[PDB]
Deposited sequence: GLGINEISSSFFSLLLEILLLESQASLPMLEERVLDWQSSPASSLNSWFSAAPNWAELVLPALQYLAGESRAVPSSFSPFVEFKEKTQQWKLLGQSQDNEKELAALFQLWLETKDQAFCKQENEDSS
């Protein structure tokens, strides 16, 4: 997320961090999101107001993106042996945006 802090959805934001890291732990993704949400410009994201604390939603977003919610195709996987999240965003943003809204409607 170099240019700026603006992404099409929370889901695309996560997958954009993962494309750059290639692999990443949960604690690292959490810290990246926390730093990201503290930046004044991030509230310019149209979906930023959909939750009060985005860092805390990193795990449940990843699990949904992994297909652990309940034919969807997984965007990420977690490997227990390495404790790393991996990609399995570009051109999928429209789908991710739709899936994000669905998750927001269905999660709580």
*asked:* What are the C-alpha gaps when you align the coordinates back onto the deposited sequence?
replied: 1, 72-75, 94-95, 116-127
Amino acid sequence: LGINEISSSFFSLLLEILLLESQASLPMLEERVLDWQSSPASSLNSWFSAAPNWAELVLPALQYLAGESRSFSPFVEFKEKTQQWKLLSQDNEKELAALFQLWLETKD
From here on, numbers count along this sequence of modelled residues.
*asked:* Tell me which stretch has the larger mean Cα B-factor in this entry, 5-13 or 21-29.
replied: 21-29
*Comparing 74-82 with 52-60, which has the greater mean CA B-factor as deposited?*
74-82
*Among the modelled residues of its chain, does the C-alpha B-factor of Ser39 lie in the lowest, middle or highest third?*
highest
*Entry-reported Cα temperature factor of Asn45, expressed as the chain third it lands in*: lowest
